[PDB]
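Shown here is one chain on its own, the form deposited in one PDB entry, set out as structure tokens.
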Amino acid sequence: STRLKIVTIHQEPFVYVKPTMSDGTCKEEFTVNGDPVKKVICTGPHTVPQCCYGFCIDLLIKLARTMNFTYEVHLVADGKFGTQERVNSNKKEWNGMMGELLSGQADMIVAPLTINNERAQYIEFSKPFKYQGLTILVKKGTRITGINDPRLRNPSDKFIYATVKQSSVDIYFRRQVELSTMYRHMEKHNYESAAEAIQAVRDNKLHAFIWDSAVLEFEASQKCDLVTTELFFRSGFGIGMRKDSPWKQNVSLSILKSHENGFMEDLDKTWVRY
């Protein structure tokens, strides 16, 4: 009852995934600024114990202490955030973290999980633990104005842009019929994960990567051959729970309190800005 299964996903800087040491523990280390890096064991893809740390892990720890629950963390098996798909036949089904939460394989999603109508139909989101939005990543020297650029709006195989498969951004483009032209360009090129897309830009096999700014601005800061556009859309990350969670109220109260007393400020400085 009191022991929560936590699902999360690999997504620097919000979640880092590294191997355990020989003895199955995690190498102790400190942040650039001298804070102890808190680490947790997290099983994941066939499956094996690993080390997780980061913004969202720190947030999980503060939640676990504040509301007094214990936890066990694992990486989402299919590696995806979560979109809704028709089964084939009548039944629709969620994949990614969304499906694992809905199926009971997880009790709580702690991850840079975008809040949106689509998902909020079937689950309870907390108030945002992070406000951010969507922007575009390109190799330095690629000239693009943003989401309205003609090379984006009148697409061709001469300039390829893409997002992450079965993600909130995928939903965002599938959502509006006016973005139809953009989508079945993207659907042809979408990548299995944020990491593979970012890499594909550096390798010039991808011309523009459309994604969360809190991730993309971090990447551009560690990787100076990469740059971003301008937020063309605003959205937030929230904790994901099932409708019946007794935890939902206190999770949100905790997040609000953490915004107001500078705890989030601490996390944002440690992970998101450096």
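The first residue of the shown sequence is 1; numbering continues from there. Take the two forms, superpose them, and find the largest set of C-alpha atoms that agree within 1.5 Å; that set is the rigid core.
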- Task: Would you please confirm whether residue 89 lacks atomic coordinates in a third or more of the other entries that were compared?
- Result: yes
- Quick one: classify how much of the deposited chain lacks coordinates between residue 88 and residue 89, choosing none, 1 to 3, 4 to 9, or 10 or more. 1 to 3
- Pick one of none, 1 to 3, 4 to 9 or 10 or more for the number of deposited-sequence residues not modelled between residue 45 and residue 46. 4 to 9
- Given the B-factors recorded for C-alpha atoms, which segment has the greater mean, 5 to 13 or 18 to 26? 18 to 26
- As the entry reports it, the stretch among 124 to 132 and 172 to 180 with higher mean C-alpha B factor is 172 to 180
- Whose C-alpha has the highest temperature factor in the PDB entry: 114, 95, 117, 142? 142
- Name the one of 152, 101, 110, 75 with the greatest CA B-factor according to the PDB entry. 152
- Quick one: classify residue 205 as lowest, middle or highest third of the chain based on its Cα B-factor. highest
- The third of the chain into which the C-alpha temperature factor of residue 227 falls is the middle
- Item | residue 32 CA temperature factor, ranked by third within the chain | highest
- Entry-reported Cα temperature factor of residue 244, expressed as the chain third it lands in: highest
- Message: Quick check for you: using the entry's CA B-factors within this chain, is residue 195 in the lowest, middle or highest third?
- Response: middle
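Below, we turn to the form deposited in another entry, even though it does not appear here.
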- Overlay on the rigid core first, then point out the one of 38, 223, 62, 248 whose CA is displaced 2 Å or more between this form and the one not shown. 223
- Message: After superposing the rigid core, is the C-alpha displacement of residue 163 2 Å or more between this form and the one not shown?
- Response: yes
- Message: Given a superposition on the rigid core, I'd like a yes or no on whether residue 77 shifts its C-alpha by 2 Å or more between this form and the one not shown.
- Response: no
- Classify residue 123 as shifted (yes) or not shifted (no) between this form and the one not shown, where shifted means its C-alpha moves by 2 Å or more with the rigid core superposed. no
